[PDB]
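Visitor: Provided below: target-v1.txt, containing compact mmCIF, C-alpha atoms.
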# COMPACT_ATOMS: atom_id res chain seq x y z
CA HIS J 55 27.87 58.31 50.85
CA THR J 56 25.87 57.32 47.76
CA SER J 57 26.88 57.28 44.09
CA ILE J 58 24.77 58.09 41.02
CA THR J 59 25.71 57.82 37.35
CA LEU J 60 24.60 60.26 34.66
CA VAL J 61 24.67 58.88 31.11
CA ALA J 62 24.59 62.01 28.97
CA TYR J 63 25.12 62.82 25.30
CA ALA J 64 28.28 64.16 23.70
CA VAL J 65 28.42 67.88 24.57
CA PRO J 66 26.63 68.81 27.85
CA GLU J 67 29.71 68.40 30.07
CA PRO J 68 30.51 72.14 30.53
CA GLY J 69 27.17 72.61 32.26
CA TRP J 70 27.17 69.33 34.17
CA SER J 71 30.68 69.85 35.56
CA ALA J 72 29.50 73.24 36.88
CA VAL J 73 26.18 72.08 38.34
CA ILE J 74 27.51 69.00 40.16
CA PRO J 75 29.77 71.02 42.52
CA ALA J 76 26.79 73.26 43.28
CA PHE J 77 24.68 70.15 43.83
CA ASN J 78 27.32 68.67 46.14
CA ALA J 79 27.29 71.91 48.17
CA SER J 80 23.53 71.64 48.81
CA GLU J 81 21.61 69.85 51.56
CA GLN J 82 20.39 66.95 49.40
CA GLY J 83 23.58 66.86 47.33
CA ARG J 84 26.24 66.62 50.02
CA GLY J 85 27.84 63.19 49.85
CA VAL J 86 26.21 61.96 46.63
CA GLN J 87 28.99 61.70 44.08
CA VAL J 88 27.93 62.07 40.44
CA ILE J 89 29.75 59.95 37.86
CA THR J 90 29.32 61.13 34.27
CA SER J 91 29.37 59.42 30.88
CA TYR J 92 29.30 61.38 27.61
CA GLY J 93 29.06 60.02 24.09
CA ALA J 94 26.95 59.85 20.95
CA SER J 95 23.37 60.46 22.06
CA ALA J 96 21.72 57.50 20.34
CA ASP J 97 24.63 55.20 21.21
CA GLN J 98 24.31 56.21 24.86
CA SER J 99 20.55 55.61 24.76
CA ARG J 100 21.05 52.10 23.36
CA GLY J 101 23.68 51.34 26.00
CA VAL J 102 21.33 52.04 28.90
CA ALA J 103 18.46 50.32 27.08
CA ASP J 104 20.54 47.14 27.07
CA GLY J 105 22.24 47.08 30.45
CA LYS J 106 24.51 50.12 30.81
CA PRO J 107 24.35 51.31 34.45
CA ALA J 108 22.58 54.64 34.71
CA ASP J 109 20.70 56.58 37.36
CA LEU J 110 19.89 59.60 35.15
CA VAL J 111 19.71 60.13 31.40
CA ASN J 112 20.30 63.45 29.62
CA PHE J 113 20.16 63.03 25.86
CA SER J 114 20.35 65.30 22.83
CA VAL J 115 16.83 64.57 21.57
CA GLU J 116 13.58 63.30 23.08
CA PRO J 117 13.53 60.09 20.93
CA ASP J 118 16.59 58.93 22.87
CA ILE J 119 14.42 59.13 25.99
CA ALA J 120 11.44 57.42 24.33
CA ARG J 121 13.62 54.41 23.50
CA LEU J 122 14.28 53.98 27.23
CA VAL J 123 10.56 54.40 27.97
CA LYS J 124 9.77 51.73 25.37
CA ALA J 125 12.26 49.50 27.24
CA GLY J 126 10.92 50.19 30.75
CA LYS J 127 14.10 52.05 31.75
CA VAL J 128 12.48 55.50 32.04
CA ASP J 129 9.06 55.91 33.65
CA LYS J 130 6.51 57.53 31.36
CA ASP J 131 5.87 60.34 33.91
CA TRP J 132 9.13 61.91 32.82
CA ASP J 133 7.55 64.63 30.65
CA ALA J 134 4.08 65.11 32.20
CA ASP J 135 5.71 67.91 34.21
CA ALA J 136 5.10 71.49 33.10
CA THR J 137 8.84 71.33 32.35
CA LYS J 138 8.21 68.44 29.91
CA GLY J 139 11.52 67.06 31.18
CA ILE J 140 13.54 69.78 29.43
CA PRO J 141 15.79 71.71 31.87
CA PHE J 142 17.79 73.55 29.20
CA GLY J 143 18.45 73.72 25.49
CA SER J 144 20.21 75.59 22.72
CA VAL J 145 19.89 76.63 19.08
CA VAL J 146 21.53 75.34 15.92
CA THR J 147 24.48 77.53 14.93
CA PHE J 148 27.31 77.65 12.38
CA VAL J 149 30.69 77.07 13.96
CA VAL J 150 33.11 79.01 11.79
CA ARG J 151 36.81 79.69 11.68
CA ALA J 152 38.16 82.80 13.37
CA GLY J 153 37.05 85.90 11.48
CA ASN J 154 34.61 83.94 9.28
CA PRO J 155 37.16 83.91 6.42
CA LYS J 156 34.63 82.50 3.96
CA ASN J 157 31.82 84.82 5.13
CA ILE J 158 29.24 82.23 6.18
CA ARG J 159 26.01 83.89 7.33
CA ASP J 160 23.03 81.78 6.23
CA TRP J 161 21.89 78.35 5.08
CA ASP J 162 22.43 79.21 1.40
CA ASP J 163 26.10 79.78 2.25
CA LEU J 164 26.47 76.05 2.97
CA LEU J 165 25.67 75.26 -0.69
CA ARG J 166 28.43 77.45 -2.08
CA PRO J 167 31.06 75.77 -4.29
CA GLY J 168 33.79 74.09 -2.29
CA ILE J 169 32.25 74.61 1.16
CA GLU J 170 32.52 71.44 3.23
CA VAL J 171 30.01 71.11 6.08
CA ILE J 172 30.95 69.16 9.20
CA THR J 173 27.94 67.47 10.81
CA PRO J 174 27.64 64.10 12.59
CA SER J 175 25.68 60.95 11.64
CA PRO J 176 21.95 60.74 12.51
CA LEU J 177 22.38 57.05 13.36
CA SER J 178 24.37 57.75 16.53
CA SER J 179 24.01 61.50 17.17
CA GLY J 180 21.09 63.70 18.08
CA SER J 181 23.24 66.68 17.11
CA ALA J 182 23.01 65.37 13.54
CA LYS J 183 19.21 65.53 13.83
CA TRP J 184 19.06 69.14 15.03
CA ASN J 185 21.63 70.01 12.35
CA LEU J 186 19.32 68.72 9.60
CA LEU J 187 15.99 69.81 11.10
CA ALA J 188 17.04 73.48 11.04
CA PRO J 189 17.80 73.70 7.29
CA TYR J 190 14.73 71.60 6.49
CA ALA J 191 12.48 73.83 8.60
CA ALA J 192 14.15 76.93 7.16
CA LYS J 193 14.01 75.96 3.48
CA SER J 194 10.51 74.44 3.81
CA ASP J 195 8.96 77.19 5.99
CA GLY J 196 8.16 74.67 8.70
CA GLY J 197 6.82 71.85 6.55
CA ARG J 198 4.79 73.88 4.05
CA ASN J 199 6.85 73.30 0.90
CA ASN J 200 8.19 69.96 2.11
CA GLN J 201 10.03 69.31 -1.16
CA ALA J 202 12.52 72.21 -1.17
CA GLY J 203 13.25 71.40 2.45
CA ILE J 204 14.18 67.88 1.37
CA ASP J 205 15.84 69.14 -1.81
CA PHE J 206 18.00 71.52 0.22
CA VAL J 207 19.08 68.83 2.69
CA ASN J 208 19.60 66.62 -0.37
CA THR J 209 22.08 69.04 -1.93
CA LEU J 210 23.64 69.88 1.44
CA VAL J 211 24.32 66.28 2.44
CA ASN J 212 25.33 64.79 -0.91
CA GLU J 213 27.56 67.56 -2.24
CA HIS J 214 28.84 69.17 1.00
CA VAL J 215 29.00 66.42 3.65
CA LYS J 216 31.58 63.65 3.30
CA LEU J 217 32.77 63.06 6.86
CA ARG J 218 30.34 61.23 9.16
CA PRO J 219 31.54 61.68 12.76
CA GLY J 220 29.68 59.77 15.43
CA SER J 221 28.76 62.65 17.73
CA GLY J 222 28.69 66.43 17.92
CA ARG J 223 31.80 66.33 20.10
CA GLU J 224 33.60 64.16 17.54
CA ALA J 225 32.41 66.62 14.89
CA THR J 226 33.89 69.50 16.91
CA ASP J 227 37.21 67.66 17.25
CA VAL J 228 37.77 66.94 13.56
CA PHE J 229 36.68 70.49 12.74
CA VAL J 230 39.18 71.98 15.21
CA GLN J 231 41.98 69.90 13.68
CA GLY J 232 41.16 71.53 10.34
CA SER J 233 38.52 69.53 8.47
CA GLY J 234 35.63 71.42 6.89
CA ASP J 235 34.75 75.09 6.50
CA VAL J 236 31.62 75.24 8.68
CA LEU J 237 30.54 72.94 11.53
CA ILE J 238 26.84 72.77 12.35
CA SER J 239 26.69 72.45 16.12
CA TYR J 240 24.96 73.49 19.32
CA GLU J 241 25.34 77.10 20.41
CA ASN J 242 26.56 75.75 23.75
CA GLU J 243 29.23 73.68 21.98
CA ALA J 244 30.42 76.71 20.02
CA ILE J 245 30.60 78.74 23.24
CA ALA J 246 32.51 75.97 25.01
CA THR J 247 34.92 75.49 22.10
CA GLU J 248 35.59 79.23 21.78
CA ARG J 249 36.26 79.45 25.52
CA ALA J 250 38.84 76.65 25.30
CA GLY J 251 41.00 79.06 23.28
CA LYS J 252 40.27 77.37 19.96
CA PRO J 253 40.39 79.81 17.00
CA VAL J 254 36.73 79.60 16.02
CA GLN J 255 33.60 81.73 16.25
CA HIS J 256 29.94 81.15 15.44
CA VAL J 257 27.16 82.83 13.46
CA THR J 258 23.57 81.74 13.88
CA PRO J 259 21.61 81.70 10.61
CA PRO J 260 18.57 84.01 10.54
CA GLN J 261 16.34 80.93 10.70
CA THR J 262 17.47 78.25 13.15
CA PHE J 263 15.98 75.40 15.16
CA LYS J 264 15.23 75.32 18.89
CA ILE J 265 17.29 72.60 20.57
CA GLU J 266 15.64 71.02 23.63
CA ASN J 267 17.73 68.53 25.60
CA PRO J 268 15.63 66.15 27.74
CA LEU J 269 16.55 64.79 31.16
CA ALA J 270 14.90 61.91 33.01
CA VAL J 271 15.52 59.68 36.00
CA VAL J 272 16.28 56.05 35.16
CA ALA J 273 13.48 53.92 36.60
CA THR J 274 15.69 50.83 37.08
CA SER J 275 18.04 52.74 39.41
CA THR J 276 18.59 51.77 43.04
CA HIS J 277 19.13 55.45 43.98
CA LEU J 278 15.90 57.20 43.02
CA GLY J 279 16.18 59.28 46.17
CA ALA J 280 19.43 60.91 45.07
CA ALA J 281 18.59 60.62 41.36
CA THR J 282 15.35 62.54 41.88
CA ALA J 283 17.18 65.09 44.04
CA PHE J 284 19.82 65.55 41.34
CA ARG J 285 17.16 65.97 38.65
CA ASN J 286 15.03 68.44 40.61
CA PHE J 287 18.13 70.45 41.53
CA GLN J 288 18.53 71.30 37.83
CA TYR J 289 15.31 73.35 37.82
CA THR J 290 16.41 75.45 40.79
CA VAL J 291 17.20 79.11 40.21
CA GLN J 292 20.91 78.53 40.89
CA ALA J 293 21.29 75.56 38.55
CA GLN J 294 19.42 77.41 35.79
CA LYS J 295 21.82 80.33 36.22
CA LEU J 296 24.75 77.90 36.07
CA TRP J 297 23.59 76.24 32.85
CA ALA J 298 23.06 79.70 31.35
CA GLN J 299 26.55 80.77 32.45
CA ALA J 300 27.85 77.57 30.83
CA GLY J 301 26.27 78.54 27.50
CA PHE J 302 23.09 76.44 27.66
CA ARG J 303 19.80 78.26 27.25
CA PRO J 304 17.77 77.85 30.47
CA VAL J 305 14.06 77.10 30.65
CA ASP J 306 13.44 79.21 33.77
CA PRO J 307 11.65 82.27 32.31
CA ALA J 308 13.32 84.57 34.85
CA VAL J 309 16.84 83.24 34.27
CA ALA J 310 16.21 83.15 30.52
CA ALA J 311 15.20 86.81 30.73
CA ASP J 312 18.36 87.61 32.71
CA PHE J 313 20.52 85.94 30.05
CA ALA J 314 18.45 86.95 27.01
CA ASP J 315 21.18 89.45 26.09
CA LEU J 316 23.68 86.58 25.61
CA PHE J 317 21.27 84.10 24.01
CA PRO J 318 20.00 86.22 21.11
CA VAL J 319 16.69 85.42 19.45
CA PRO J 320 17.09 84.67 15.72
CA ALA J 321 14.81 85.95 12.98
CA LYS J 322 12.90 82.65 13.21
CA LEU J 323 13.14 79.99 15.93
CA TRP J 324 11.73 76.74 14.54
CA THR J 325 10.55 74.17 17.08
CA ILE J 326 9.75 70.47 16.86
CA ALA J 327 6.14 71.44 17.56
CA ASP J 328 6.11 73.52 14.37
CA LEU J 329 6.76 70.29 12.45
CA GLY J 330 4.05 68.35 14.29
CA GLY J 331 6.25 67.06 17.11
CA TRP J 332 8.58 64.09 17.06
CA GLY J 333 5.52 61.94 16.39
CA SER J 334 5.51 63.34 12.84
CA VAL J 335 9.25 63.99 12.41
CA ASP J 336 10.67 60.82 13.97
CA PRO J 337 8.91 58.47 11.45
CA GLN J 338 9.61 60.79 8.49
CA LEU J 339 13.34 61.15 9.19
CA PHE J 340 15.89 62.01 6.54
CA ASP J 341 18.63 59.44 5.99
Could you take the file, read its structure, and then write that structure out as structure tokens?
Guide:
Amino acid sequence: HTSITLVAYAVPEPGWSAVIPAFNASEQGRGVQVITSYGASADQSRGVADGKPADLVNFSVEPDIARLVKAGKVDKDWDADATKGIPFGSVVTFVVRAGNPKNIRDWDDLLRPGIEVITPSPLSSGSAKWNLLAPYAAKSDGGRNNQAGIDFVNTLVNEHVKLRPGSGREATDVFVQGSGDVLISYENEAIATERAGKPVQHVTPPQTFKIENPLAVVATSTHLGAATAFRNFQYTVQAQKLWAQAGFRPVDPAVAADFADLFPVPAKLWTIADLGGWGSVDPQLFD
């Protein structure tokens, strides 16, 4: 039948590869084959902004959707929904080696002597932006003492980050091969890596950041019938259960309640709204 292409960021594949078969077994999804493309979130956003074929976008951070809106590739209606265009999300977590040999439990543990932190580059990855928003929000109490938030990230980046992988997936790879003592990553990526039999576990710091992964239909697509059907299917009860089962925190309040016992609330869940939204974080960015 028809073919649609999803240009997604680096780590959402475990959920997408579970939802697409369910989509293809539905009335509107039978026959519409979904091609997928995963990579560094910002790199993927730029690709579609300058010609890369796409019928749907699913990026790590909302700015990577706004770039496409600024370029006429994503209609502005994409977040006027009560959903705000966010079908799922995650939290920032510490990926750690099996047994937590170095006993990493909190953000102060990343500043201990000799601890190397694995985290991607904010130029190409949205994972890198979540990974730095959480310690900033934690050490600054959500923008109140803005200086010790910066001063923490300062000491974390300069003295404990040397590798600069392009994406969260690339950060997971080099960490699995043996580089670094703690990898800051999505909770879904830690769950997916653990399940692949890799000898790692994860501890979420008491204060962490709420990851919200946006999804939007590409306006310049010749398949907005199927593309809209594939986007709306994500908010169904079944798809929300599937994302949850894949390790991604669903936005359906009933499914999120059903899976609340596997997606534990931290001591403090910082959100982009706590910092004044992306409108006040995106032009202030660390670098």
Visitor: Determine the nearest neighbour of residue 117 in chain J from the options J:176, J:71, J:246, J:55, counting only C-alpha atoms.
Guide: J:176
Visitor: Determine, counting all atoms listed in the file, which protein, DNA and RNA residues have an atom within 9 Å of an atom of residue 185 in chain J; residues of the same chain fewer than 2 positions away are not included. Present the result as an MDAnalysis selection string.
Guide: chainID J and resid 146:147 173:174 180:183 187:189 238:240 263
Visitor: To one decimal place, how far is CA of residue 257 in chain J from CA of residue 297 in chain J in Å?
Guide: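 Those two atoms sit 20.8 Å apart.
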Visitor: Dump as JSON lines the rows for residues of range 103-191 of chain J within 6 Å of range 200-219 of chain J: closest atom pair and distance in Å with one decimal, all atoms listed in the file counted, ordered by chain and rising residue number.
Guide:
{"residue": "J:170", "atom": "CA", "partner": "J:214", "partner_atom": "CA", "distance": 4.9}
{"residue": "J:171", "atom": "CA", "partner": "J:215", "partner_atom": "CA", "distance": 5.4}
{"residue": "J:174", "atom": "CA", "partner": "J:219", "partner_atom": "CA", "distance": 4.6}
{"residue": "J:175", "atom": "CA", "partner": "J:218", "partner_atom": "CA", "distance": 5.3}
{"residue": "J:190", "atom": "CA", "partner": "J:203", "partner_atom": "CA", "distance": 4.3}
Visitor: In Å, with one decimal, what is the gap from CA of residue 261 in chain J to CA of residue 324 in chain J?
Guide: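 So the two atoms, CA of residue 261 in chain J and CA of residue 324 in chain J, lie 7.3 Å apart.
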Visitor: Can you tell me which residues surround residue 92 in chain J at a distance of at most 7 Å, considering only C-alpha atoms, apart from same-chain residues fewer than 3 positions away, and format the answer as a PyMOL selection string?
Guide: chain J and resi 61-64
Visitor: Write out the residues from the selection above, keeping C-alpha atoms, as a compact mmCIF listing (two decimals), keeping the file's coordinate frame.
Guide:
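part_19.txt, written as the output of this step:
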# COMPACT_ATOMS: atom_id res chain seq x y z
CA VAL J 61 24.67 58.88 31.11
CA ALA J 62 24.59 62.01 28.97
CA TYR J 63 25.12 62.82 25.30
CA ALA J 64 28.28 64.16 23.70
Visitor: Report the closest atom pair, with its distance in Å rounded to one decimal, for each residue of range 115-179 of chain J that has an atom no farther than 6 Å from range 301-314 of chain J; count only C-alpha atoms, sort by chain and then rising residue number, and write it as JSON lines.
Guide:
{"residue": "J:141", "atom": "CA", "partner": "J:305", "partner_atom": "CA", "distance": 5.8}
{"residue": "J:142", "atom": "CA", "partner": "J:304", "partner_atom": "CA", "distance": 4.5}
{"residue": "J:143", "atom": "CA", "partner": "J:303", "partner_atom": "CA", "distance": 5.1}
{"residue": "J:144", "atom": "CA", "partner": "J:303", "partner_atom": "CA", "distance": 5.3}
Visitor: Residues of the last selection are to be written out with C-alpha atoms, as a PDB file, in the coordinates of the input.
Guide:
ATOM      1  CA  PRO J 141      15.790  71.710  31.870  1.00  0.00           C
ATOM      2  CA  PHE J 142      17.790  73.550  29.200  1.00  0.00           C
ATOM      3  CA  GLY J 143      18.450  73.720  25.490  1.00  0.00           C
ATOM      4  CA  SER J 144      20.210  75.590  22.720  1.00  0.00           C
TER       5      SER J 144
END
Visitor: Could you tell me, as a list in words, which residues have any atom at most 10 Å from (19.6, 74.5, 38.0), counting all atoms listed in the file?
Guide: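 Residues lying no farther than 10 Å from the given point: residues 69, 70, 73, 74, 76, 77, 141, 142, 284, 285, 286, 287, 288, 289, 290, 291, 292, 293, 294, 295, 296, 297, 298, 304, 305, 306 and 309 of chain J.
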Visitor: Provide range 174-222 of chain J of the preceding structure as a file containing C-alpha atoms, as a short mmCIF file (atom, residue, chain, number, x, y, z; two decimals), in the first residue's frame.
Guide:
data_model
loop_
_atom_site.label_atom_id
_atom_site.label_comp_id
_atom_site.auth_asym_id
_atom_site.auth_seq_id
_atom_site.Cartn_x
_atom_site.Cartn_y
_atom_site.Cartn_z
CA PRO J 174 26.97 13.13 24.45
CA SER J 175 27.51 16.53 22.77
CA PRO J 176 24.76 19.19 23.01
CA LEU J 177 25.50 20.24 19.42
CA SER J 178 24.04 17.06 17.92
CA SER J 179 22.20 15.31 20.78
CA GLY J 180 19.15 16.19 22.80
CA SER J 181 20.21 13.51 25.28
CA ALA J 182 23.17 15.76 26.07
CA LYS J 183 20.71 18.54 26.93
CA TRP J 184 18.60 16.47 29.34
CA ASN J 185 21.85 15.15 30.84
CA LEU J 186 22.98 18.69 31.71
CA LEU J 187 19.58 20.16 32.61
CA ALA J 188 19.11 17.65 35.43
CA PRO J 189 22.32 18.48 37.36
CA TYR J 190 21.78 22.19 36.74
CA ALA J 191 18.20 22.04 38.02
CA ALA J 192 19.30 19.87 40.94
CA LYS J 193 22.30 21.94 42.06
CA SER J 194 20.49 25.25 41.43
CA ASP J 195 17.11 24.29 42.94
CA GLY J 196 15.37 24.98 39.65
CA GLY J 197 17.07 28.24 38.73
CA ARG J 198 17.16 29.90 42.15
CA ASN J 199 20.92 29.84 42.82
CA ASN J 200 21.81 29.88 39.13
CA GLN J 201 25.54 30.08 39.84
CA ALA J 202 26.10 26.78 41.67
CA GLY J 203 24.04 25.10 38.98
CA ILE J 204 26.47 26.47 36.41
CA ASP J 205 29.45 25.88 38.70
CA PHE J 206 28.44 22.24 39.14
CA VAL J 207 28.03 21.65 35.39
CA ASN J 208 31.32 23.54 35.01
CA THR J 209 33.19 21.10 37.25
CA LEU J 210 31.29 18.11 35.87
CA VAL J 211 32.04 18.86 32.21
CA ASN J 212 35.61 20.14 32.46
CA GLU J 213 37.05 17.64 34.93
CA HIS J 214 34.86 14.56 34.31
CA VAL J 215 33.79 14.64 30.64
CA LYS J 216 36.40 14.07 27.93
CA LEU J 217 34.59 11.95 25.35
CA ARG J 218 32.00 13.77 23.21
CA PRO J 219 29.85 11.15 21.46
CA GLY J 220 27.33 12.41 18.94
CA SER J 221 24.19 10.83 20.36
CA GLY J 222 22.84 9.03 23.40
#
